[PDB]
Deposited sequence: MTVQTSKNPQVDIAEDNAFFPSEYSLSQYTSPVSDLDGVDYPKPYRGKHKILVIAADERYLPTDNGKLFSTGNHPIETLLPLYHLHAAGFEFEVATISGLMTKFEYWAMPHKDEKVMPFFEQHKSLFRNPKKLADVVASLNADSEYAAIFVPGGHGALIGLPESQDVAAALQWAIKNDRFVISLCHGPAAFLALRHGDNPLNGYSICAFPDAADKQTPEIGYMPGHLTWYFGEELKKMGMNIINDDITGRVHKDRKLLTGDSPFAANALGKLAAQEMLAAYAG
């Protein structure tokens, strides 16, 4: 069935439709990966209905897995400090998540992390899933985290709707000005209601917005494409999660060697 399933937990909130559900030499330093996760599950669509989204689990674990193996551990932070929110309808990888569940369930508040920066962080990771569209793009704290990152020549990793977080640099410096990225294409977000992925359309579109703030989205299709621009690495979709982790590892490894 291509009809949106209901999330009994929330008012007027829907999971993705049933049909679309199946469619759809290490580093021994001290530098950790700062993970910026989503603290809100529900995204409001154009017809009042709520998309039951969150962070996409394969997108956020696969890379973190490749990095963990390459001697790069991680910590998690949300804007509020509230537990991470995962799209569990998109859940080797299991034991990894289980063994690291705590880090996502009890993250730090991003503001606290930012006030202690100057810093054994080797990357900022902003995982995708439409959950990235809630809050991140408006966070002064996300903004600053990102400023710190590029300013101190650190790595920045993202995929899917991850890049929407960069929209937070829209008012200030924007050190990501004139960077190129892979990202989830808007043209795909306009036609996903069709198969009941979401109960409605997005109010605004992140890809269009990033173009206005100087970022070059190099892809308009979903292929699992990954891209490199200096130290900013990105992927276009869930299909890129593995290749992205493969890239993040073999780029932060040669950088730290």
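S.K.: What portions of the deposited sequence, indexed from 1, have no corresponding C-alpha atom in the structure?
M.R.: Missing from the model are residues 1-5, 30-42, 110-114, 142-143, 283.
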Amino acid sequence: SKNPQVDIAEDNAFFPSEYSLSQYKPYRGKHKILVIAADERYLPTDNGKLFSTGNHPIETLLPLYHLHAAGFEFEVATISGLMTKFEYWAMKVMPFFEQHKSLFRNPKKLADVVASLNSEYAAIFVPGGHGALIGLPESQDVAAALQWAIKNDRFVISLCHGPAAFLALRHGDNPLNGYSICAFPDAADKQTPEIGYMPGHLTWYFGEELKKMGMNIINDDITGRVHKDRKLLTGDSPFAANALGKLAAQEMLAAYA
From here on, numbers count along this sequence of modelled residues.
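S.K.: So 109-117 or 154-162, which one's hotter by mean CA B-factor in the entry?
M.R.: The deposited B-factors put 109-117 ahead on the C-alpha mean.
S.K.: Please work out which of 25-33 and 216-224 has the higher mean CA B-factor as recorded in the PDB entry.
M.R.: Mean B over CA atoms: larger for 25-33.
S.K.: By the CA temperature factor listed in this entry, which of these ranks top: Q140, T84, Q99, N177?
M.R.: Checking the PDB record, the top C-alpha B-factor among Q140, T84, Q99, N177 is at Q99.
S.K.: Looking at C182, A132, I79, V93, which has the biggest Cα B factor in the entry?
M.R.: Max CA B-factor in the entry, restricted to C182, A132, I79, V93: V93.
S.K.: Within this chain's modelled residues, let me know which third the CA B factor of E59 belongs to: lowest, middle or highest.
M.R.: Lowest third of the chain for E59's C-alpha B-factor.
S.K.: Comparing against every modelled residue in the chain, figure out the third that the C-alpha B-factor of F104 lands in (lowest, middle or highest).
M.R.: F104: CA B-factor falls in the middle third of its chain.
S.K.: In terms of the CA temperature factor given in the entry, to which third of its chain does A249 belong: lowest, middle or highest?
M.R.: Tercile = highest for this residue's CA B-factor.
S.K.: Lowest, middle or highest third: where is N12 by Cα B-factor in its chain?
M.R.: Its C-alpha B-factor, which the entry lists for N12, ranks in the highest third among residues of this chain.
S.K.: If you rank every modelled residue in this chain by C-alpha B factor, which third holds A149: lowest, middle or highest?
M.R.: Highest third.
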